[PDB]
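All remarks here apply to the structure that follows.
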Amino acid sequence: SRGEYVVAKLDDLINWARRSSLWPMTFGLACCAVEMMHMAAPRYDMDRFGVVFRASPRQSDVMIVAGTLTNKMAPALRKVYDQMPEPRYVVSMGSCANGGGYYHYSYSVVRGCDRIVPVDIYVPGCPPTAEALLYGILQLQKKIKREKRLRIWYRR
Amino acid sequence: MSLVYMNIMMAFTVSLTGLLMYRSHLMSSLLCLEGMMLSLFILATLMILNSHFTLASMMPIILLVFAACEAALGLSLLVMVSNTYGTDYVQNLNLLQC
Amino acid sequence: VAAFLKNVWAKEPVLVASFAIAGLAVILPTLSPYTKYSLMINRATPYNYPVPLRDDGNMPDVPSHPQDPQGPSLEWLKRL
Amino acid sequence: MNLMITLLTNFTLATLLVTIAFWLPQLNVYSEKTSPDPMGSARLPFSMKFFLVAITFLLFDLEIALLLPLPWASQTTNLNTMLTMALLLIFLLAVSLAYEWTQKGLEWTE
Amino acid sequence: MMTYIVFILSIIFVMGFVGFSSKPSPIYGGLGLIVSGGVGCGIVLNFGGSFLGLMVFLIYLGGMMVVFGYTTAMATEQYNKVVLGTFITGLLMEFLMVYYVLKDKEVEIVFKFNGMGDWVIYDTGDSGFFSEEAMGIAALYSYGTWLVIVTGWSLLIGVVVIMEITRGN
Amino acid sequence: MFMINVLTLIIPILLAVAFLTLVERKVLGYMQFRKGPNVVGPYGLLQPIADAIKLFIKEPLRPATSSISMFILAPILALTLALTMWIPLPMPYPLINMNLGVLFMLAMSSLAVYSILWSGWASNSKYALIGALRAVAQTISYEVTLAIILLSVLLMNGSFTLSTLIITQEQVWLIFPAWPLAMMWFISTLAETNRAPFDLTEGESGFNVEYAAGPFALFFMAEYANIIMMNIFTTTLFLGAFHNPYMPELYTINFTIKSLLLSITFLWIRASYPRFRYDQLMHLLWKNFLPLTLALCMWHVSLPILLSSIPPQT
Amino acid sequence: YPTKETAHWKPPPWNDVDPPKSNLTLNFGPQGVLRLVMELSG
Amino acid sequence: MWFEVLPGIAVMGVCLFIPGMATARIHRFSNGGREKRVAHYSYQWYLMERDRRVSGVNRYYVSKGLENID
Amino acid sequence: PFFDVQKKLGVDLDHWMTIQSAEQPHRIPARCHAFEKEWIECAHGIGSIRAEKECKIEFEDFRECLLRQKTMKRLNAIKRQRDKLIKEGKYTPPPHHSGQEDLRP
Ligand SMILES: CCCCCCCCCCCCCCCCCC(=O)OC[C@H](COP(=O)([O-])OCC[N+](C)(C)C)OC(=O)CCCCCCCCCCCCCCCCC
Ligand SMILES: CCCCCCCCCCCCCCCCCC(=O)OC[C@H](COP(=O)(O)OCCN)OC(=O)CCCCCCCCCCCCCCCCC
Ligand SMILES: CCCCCCCCCCCCCCCCCC(=O)OC[C@H](COP(=O)(O)OCCN)OC(=O)CCCCCCCCCCCCCCCCC
Ligand SMILES: CCCCCCCCCCCCCCCCCC(=O)OC[C@H](COP(=O)(O)OCCN)OC(=O)CCCCCCCCCCCCCCCCC
Ligand SMILES: CCCCCCCCCCCCCCCCCC(=O)OC[C@H](COP(=O)(O)OCCN)OC(=O)CCCCCCCCCCCCCCCCC
Ligand SMILES: CCCCCCCCCCC1=C(C)C(=O)C(OC)=C(OC)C1=O
Ligand code: SF4
């Protein structure tokens, strides 16, 4: 009918707006933050996708966890995650944030950042290249594109 | 006479009664004092402009300058007593009863 | 007296420039020959009406018409 | 007449934009957040430096209010007197600045 | 009702004075005083004093009430029946005065005031190729030599005084 | 009929602000050996629309504000004072022809700091209040030199009217007899709108940390409108254009080009230098700019008397 | 003549000097990474 | 390369050219094909009101010349 | 004590402002120049006690120029009678008082 068409077009509009202006915050913990800085370099140019460089935590959309999440750092990570306005997304970069990586069996390393925050995109590597993090960002954009919030609201 | 004169006199009287009855803070007294000056400014300016007294047009500028210097001195005194007591309350300025 | 100026111009040139500009501004209008021109340009600007005088009989200097030869002249202003 | 119409239009456009910016995510039903400055509960420390620069600005602003009618005042016939008074006023401005300078008034916010 | 614009502005002026004079909080008193100063500048502008109203905006509001609110932000740490009571009674005397003015077109409290619109007192002639208030202010450097001298000396002495008393020694 | 004039003034201001965001992103990218946004639209032409919609569907912060009244009122004042400082601008004919338009602009610019003060006080954070107080002090301290420079420049004009400023520069640009005032005015307007290398609130808390994304966007839009307005005012003051009374489009195109070049110079400045410290810019103002401003003010009072070049009062 | 009202009235000090009745502390959290505790005096 | 900033600058230039052109065209249209008359002083306003009264249409830009005198 | 330093020294520190009928810039007249001039030409040289009684009518004329209570009262009475006659319906306003006059110049 008409209402389903209207909510489908509005959903496409809001998903295009959200996926094309992803403002990231980056947790500069370890090596993978240096590789994030290298993706923000002129060669790969995160800004040209609408993805700004080092936005504020109070206005960012996607939060990137690039490095090792230790036991002394995890409550601060949760506190930063809780203050982000919705819609919020989390990208895990590298093995240390994915599952612990080299320091998985350590006494002071959280075995994956998914034990603290919900994670949408997992980027594998040690460090994953700037190409790989760019691919993960674009895959997150694809995930945002196929969201169906207004259709779900109309059907309920 | 005119009506806006009556309104400016009543505004001055309201600000004077506000100054003359302190509530808690010294800053509210300073605000009432400066509202009194503002009412004086408006009254004198209206009288001078309506009377076409050309050479009296410089008076409200001098009045504003002198009363703002007064207000600067008062703000400095308020800052000094706030540094002494930690607050600008008028009930702490009672050492000189004895 | 002479090396002091050089030292203070090497160290604080901004204050040297400020004081020099101030001294120029305070000693130049008393020295220029064009201040009198400003005086008689400001005093020759006709803001209000030139009210005529009743002819008693003895005013050879006061003209009876604007195009009459007698009266103030602004040829110095037209040439300068 | 036209000026206050323009003022009202600017005010109502600003308040319309602010109302839409506030109350439009209010129609969203996102979540309820609990949320349980580097200083936790420290009192604001009173600094004499910020008050000093504020009062210095106020006094210089007053002497600016005195200096303002110079473009109109330059058209007077008494040009020597007006020039002398203008130079005296700006010289008093400079002297007040120099007194603030020498007695360490502009210190740590130079 | 458009002929009563200065009267309506004066009503707003005195209402703001009642509001800020009730002393709810120093910052709210500052906000009410800012609004009252803006309305009073509107009164002066509608009377013909463009320069004096713009002085009110530039010096009183933009230059001095900034200092008042700036000092208010450095004290009076952030988080009544009396405030509401005096605000209500001040509004009551104000509106009673307005009704008694407009019902009989004359009033006496201390002086005798007339209830007609205040456009009657205006002058029927033109000022020529200049504004009278600007020439009156501009005569400060030509006529007011003594006024300039005493005002500038008082300002410099005020700078010295403020520097003296805030030092603490 | 007049409301059409008001609307065609105020809607292109918002359009120019959004495309100023896009232009600044692209120019900074091309100045940092990279590209700006070119994926969202053709050469990024659709980036402000997407960014605006995203910011207007963002979750609000919902702070524990001490006063919701001034929390509402601060963006109101910021946007109203950003939009109301355009009406006496001659383009070549001002929308509201004011006899004292220059001093009206000075009054509005002096009134603009209440948004910073109320935004700092409304947020419960004390560090936000401290940042707001520092920003207010810097803003008023540069208001001082703005006023002195404008006063000293106006002595070549003869009145406060903005339309006469075109007539004064009918022969030569005003940057030729007043270039030190032009440099000091440009730096003072750069520090007036809180821009680099004077944007201390972005360097190590802002005055609007607790504000929601929508009101933050409104504050930022007001700041960019202030930037464009200040550059247009500087162009009118020092780089006046040739105005044909039969073809106003010549003046409109000329000052549009000059003001766009000045705003691009603002963006060029913001990506070349490190930021100042607070005491360093206070030193730059109270101890470098102010004495030279006073000396040049005395020079430009005493100069037209000694040159027999008093500008006409009317 | 001391009364009941004038019972808490102490004499003034001999030198007429009354006693005057710390510094700011900031906790810059981890929001590489580093925490800082700053004792600041303005 | 660098010439790709030009569409954004062109859109900004159009949006800055619009208000001045609109203001000039509105002033010329609303004042009978002439500039909007400036009245900064009371003498110019008195001339304005005299011309409005002498127009016979209650409209200050309808200016009548030698066709009115006898 | 009122030490007349200005008259002793010959300086003019505040006499230019002290009255409205004095020397004003650009020969701008005030609204009540003539009344104030007549009142001053009365009161000069006779003291306050004699000037408070002798030609008080000049001061009454000056005060009536300054504040205009009698003119306002007369206009109020005329307008009140006009309003009463208009409401009771025995007065029709003329064309020139309703905006249909096409004024002189
Ligand atoms: C609008 C037109 C365009 C304007 C220019 C735009 C492009 C240029 C942008 C430049 C970079 C901007 C970003 C940085 C801004 C901050 C830095 C800054 O501006 O610092 C200012 C610096 C700061 O000085 P400073 O801090 O280096 O000074 C040293 C001071 N001590 C030693 C105490 C530390 O300079 C000034 O303030 C000077 C201002 C201009 C002076 C003009 C003088 C004119 C000549 C007078 C006469 C000289 C001859 C002698 C006398 C002769 C008499 C006959
Ligand atoms: C008489 C002319 C008109 C005067 C009135 C108008 C003045 C306009 C300018 C106003 C300036 C106001 C502020 C002046 C402050 C001067 C005092 C000062 O700052 O002294 C300190 C300074 C040394 O600096 P420091 O102690 O380290 O302070 C930290 C900054 N570095 O010390 C110095 O750097 C030395 C400063 C004093 C010596 C300056 C000499 C300049 C000479 C220029 C050429 C001559 C010009 C003609 C006038 C005669 C000057 C003597
Ligand atoms: C003062 C001047 C100010 C100017 C401001 C604006 C500047 C930029 C102007 C626009 C530049 C070009 C934008 C092109 C957008 C993409 C158009 C397009 O082709 O979209 C295709 C997309 C998918 O189409 P689909 O049918 O799925 O494809 C399958 C077929 N093989 O379909 C869709 O996405 C749905 C349809 C989208 C249509 C978008 C059209 C452009 C929208 C521009 C908005 C602003 C317009 C100007 C407003 C101010 C002036 C009036
Ligand atoms: C009742 C019916 C109407 C109901 C309400 C709906 C109103 C219209 C809303 C816009 C049109 C709906 C469709 C939105 C886009 C859907 C199609 C799509 O996803 O297109 C993708 C395409 C770019 O493809 P992409 O995935 O980005 O690929 C990157 C390159 N490899 O994208 C493009 O080519 C560009 C897409 C542009 C979308 C339109 C332009 C922006 C929106 C303009 C109107 C709203 C905002 C107006 C201005 C507000 C203030 C800023
Ligand atoms: C928290 C509260 C809300 C805050 C946001 C809204 C308020 C603040 C932002 C807007 C500020 C507006 C300032 C308005 C006054 C500015 C001065 C002014 O009007 O100047 C223009 C003009 C004088 O120039 P001139 O050329 O001489 O006049 C024509 C002569 N032929 O003068 C004229 O043309 C005079 C025209 C008639 C009189 C106009 C009076 C306007 C209404 C009164 C003031 C309104 C603002 C009150 C609040 C202030 C801020 C709290
Ligand atoms: C009527 C509303 C018009 C849209 C609002 C103003 C334009 C959008 C600004 C968004 C924005 C952009 C593009 C942006 O790039 C940016 O980074 C510098 C911002 O600040 C963090 C922004 O706010
Ligand atoms: S995943 Fe590898 S590169 Fe990344 S932080 Fe861990 S050790 Fe470093």
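I'd like to check something: does region F:20-37 contain any residue that is away from ligand 5 (no atom under 16 Å from the Cβ), within 30 Å of E:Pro26 (Cα to Cα) and over 24 Å from the mean Cα position of the chain (by Cα)? No - not one qualifying residue is present in region F:20-37.
I want to confirm something. Restricting to region F:69-97 and keeping residues that are aliphatic (A, V, I, L, M) and within 14 Å of chain H (Cβ to nearest Cβ), which single residue is nearest to F:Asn5 (Cα to Cα)? Ranking the candidates gives F:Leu95 first.
Report whether or not C:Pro63 is more than 8 Å from every other protein chain (Cβ to nearest Cβ), under 24 Å from D:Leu79 (Cα atoms) and either more than 16 Å from ligand 3 (Cβ to nearest atom) or surrounded by 10 or more Cβ atoms within 10 Å (Cβ to Cβ) (or both).
Taking the combined requirement at face value, the residue does not satisfy it.
Quickly run through region D:72-104 and pick out the residues that are more than 9 Å from chain F (Cβ to nearest Cβ) and among the small types (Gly, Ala, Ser). Selection gives D:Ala73, D:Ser96. Just one of the numbered conditions (1) away from chain D (no Cβ under 14 Å); (2) assigned to a loop (DSSP other than H, G, I, E, B); (3) farther than 25 Å from C:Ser18 by Cα; (4) more than 10 Å from ligand 1 (Cβ to nearest atom) is not true of F:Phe176: (3).
Screening F:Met221 against (1) in a helix (DSSP H, G or I); (2) at the interface with chain D (Cβ under 10 Å from one of its Cβ atoms); (3) over 30 Å from F:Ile68 (Cα atoms); (4) touching a helix residue (DSSP H, G or I) at 6+ places or on another chain (Cβ under 7 Å) leaves a single unmet condition, (3). When region D:57-110 is filtered for residues that are assigned to a helix (DSSP H, G or I) and of a type in the set (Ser, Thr, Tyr), the ones remaining, listed by number, are D:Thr81, D:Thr84, D:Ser96, D:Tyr99, D:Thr102. The residue that is farthest from ligand 7 (Cβ to nearest atom), among those in region F:53-68 that are among the hydroxyl-bearing types (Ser, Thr, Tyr) and either surrounded by 21 or more Cβ atoms within 10 Å (Cβ to Cβ) or facing another protein chain (nearest Cβ under 8 Å) (or both), is F:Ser67.
Residues in region B:24-35: is at least one more than 7 Å from chain E (Cβ to nearest Cβ) and in contact with an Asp or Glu (Cβ under 7 Å, 6 or more places away or on another chain)? Checked against the condition, which is being more than 7 Å from chain E (Cβ to nearest Cβ) and in contact with an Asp or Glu (Cβ under 7 Å, 6 or more places away or on another chain), region B:24-35 yields at least one hit. Can you find a residue in region I:1-14 that is in contact with a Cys (Cβ under 9 Å, 6 or more places away or on another chain), more than 13 Å from chain E (Cβ to nearest Cβ) and either under 30 Å from E:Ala139 (Cβ atoms) or aliphatic (A, V, I, L, M) (or both)? So far as region I:1-14 goes, no, none of its residues is in contact with a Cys (Cβ under 9 Å, 6 or more places away or on another chain), more than 13 Å from chain E (Cβ to nearest Cβ) and either under 30 Å from E:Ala139 (Cβ atoms) or aliphatic (A, V, I, L, M) (or both). Scan region F:296-310 for residues that are more than 8 Å from chain D (Cβ to nearest Cβ) and either within 21 Å of the chain's Cα centre (by Cα) or surrounded by 17 or more Cβ atoms within 10 Å (Cβ to Cβ) (or both) and the total you get is 6. Of the candidates H:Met48, H:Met12, H:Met21, the single residue that is within 16 Å of ligand 5 (Cβ to nearest atom) and either surrounded by 14 or more Cβ atoms within 10 Å (Cβ to Cβ) or within 29 Å of F:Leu83 (Cα to Cα) (or both) is H:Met48. Within region A:102-156, the set of residues being of a type in the set (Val, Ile, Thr) and surrounded by 17 or more Cβ atoms within 10 Å (Cβ to Cβ) comprises A:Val109, A:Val110, A:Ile116, A:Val117, A:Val119, A:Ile121, A:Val123, A:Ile137, A:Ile144.
Within region F:195-206, the set of residues being within 13 Å of chain D (Cβ to nearest Cβ) and either of a type outside the set (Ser, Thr, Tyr) or part of a strand (DSSP E or B) (or both) comprises F:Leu200, F:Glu204, F:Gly206.
Rundown of residues vs (1) touching a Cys at 6+ places or on another chain (Cβ under 9 Å); (2) buried (at least 21 other Cβ atoms within 10 Å of the Cβ); (3) within 14 Å of chain F (Cβ to nearest Cβ), yes/no style:
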{"residue": "E:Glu77", "(1), (2), (3)": "no, no, yes"}
{"residue": "E:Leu84", "(1), (2), (3)": "no, no, no"}
{"residue": "E:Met93", "(1), (2), (3)": "no, no, no"}
{"residue": "E:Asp104", "(1), (2), (3)": "no, no, no"}
{"residue": "E:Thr124", "(1), (2), (3)": "no, no, no"}
{"residue": "E:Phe129", "(1), (2), (3)": "no, no, yes"}
{"residue": "E:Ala139", "(1), (2), (3)": "no, yes, yes"}
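Counting only helices (runs of 4 or more DSSP H) wholly contained in region F:233-314, the ones carrying 2 or more residues that are of a type in the set (S, T, N, Q) occupy F:248-270, F:290-306. Taking first residues from region C:44-59 that are over 21 Å from I:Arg27 (Cβ atoms) and more than 11 Å from every other protein chain (Cβ to nearest Cβ) and partners that are in a loop (DSSP other than H, G, I, E, B) and not aromatic (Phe, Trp, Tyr), the Cβ contacts under 9 Å between residues at least 6 apart in sequence or on separate chains come to C:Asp55/C:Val62; C:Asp55/C:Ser64; C:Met59/C:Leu53. With the requirement that a residue be in a loop (DSSP other than H, G, I, E, B) and of a type in the set (S, T, N, Q), what does region B:1-21 give you? Selection gives B:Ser2 alone. Against the numbered list (1) touching an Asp or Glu at 6+ places or on another chain (Cβ under 7 Å); (2) assigned to a loop (DSSP other than H, G, I, E, B), E:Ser127 comes up short only at (1).
Check whether at least one residue in region I:69-79 is under 30 Å from H:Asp51 (Cα atoms), part of a helix (DSSP H, G or I) and basic (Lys, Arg), and report yes or no. Looking for residues that are under 30 Å from H:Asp51 (Cα atoms), part of a helix (DSSP H, G or I) and basic (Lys, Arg), one finds none in region I:69-79, hence no. Residues that are part of a loop (DSSP other than H, G, I, E, B), surrounded by fewer than 23 Cβ atoms within 10 Å (Cβ to Cβ) and within 8 Å of ligand 4 (Cβ to nearest atom) were ranked within region F:22-52; the one that is nearest to the other protein chains (Cβ to nearest Cβ) is F:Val39.
Restricting attention to region G:1-12 and to residues that are surrounded by 10 or more Cβ atoms within 10 Å (Cβ to Cβ) and assigned to a loop (DSSP other than H, G, I, E, B), the residue that is farthest from the chain's Cα centre (by Cα) turns out to be G:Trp9. Return yes or no: is F:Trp173 within 24 Å of F:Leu155 (Cβ to Cβ) and over 20 Å from the mean Cα position of the chain (by Cα)? It is true that F:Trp173 is within 24 Å of F:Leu155 (Cβ to Cβ) and over 20 Å from the mean Cα position of the chain (by Cα).
Checking each residue in region I:27-55 for being exposed (fewer than 15 other Cβ atoms within 10 Å of the Cβ) and within 25 Å of D:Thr77 (Cα to Cα) picks out I:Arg27, I:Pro29. Could you check, for region E:148-158, whether at least one of its residues is in a loop (DSSP other than H, G, I, E, B) and in contact with a helix residue (DSSP H, G or I) (Cβ under 9 Å, 6 or more places away or on another chain)? No - not one qualifying residue is present in region E:148-158. Restricted to chain C, the set of helices (runs of 4 or more DSSP H) holding at least 1 residues that are of a type in the set (D, E, K, R) comprises C:2-11, C:35-42, C:75-79.
For D:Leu44, indicate whether it is away from ligand 6 (no atom under 16 Å from the Cβ) and facing another protein chain (nearest Cβ under 7 Å). Answer is yes for this residue.
Please go through region B:48-63 and pick out each residue that is of a type in the set (S, T, N, Q), at the interface with chain E (Cβ under 7 Å from one of its Cβ atoms) and part of a helix (DSSP H, G or I).
If the condition is that a residue be of a type in the set (S, T, N, Q), at the interface with chain E (Cβ under 7 Å from one of its Cβ atoms) and part of a helix (DSSP H, G or I), then B:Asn50, B:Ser57 are the ones that fit.
Positions of Cβ are backbone-derived with ideal geometry, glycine not excepted, and every protein chain shown enters the neighbour counts. Each value in this text was obtained by applying a stated rule to the coordinates, not by laboratory testing.
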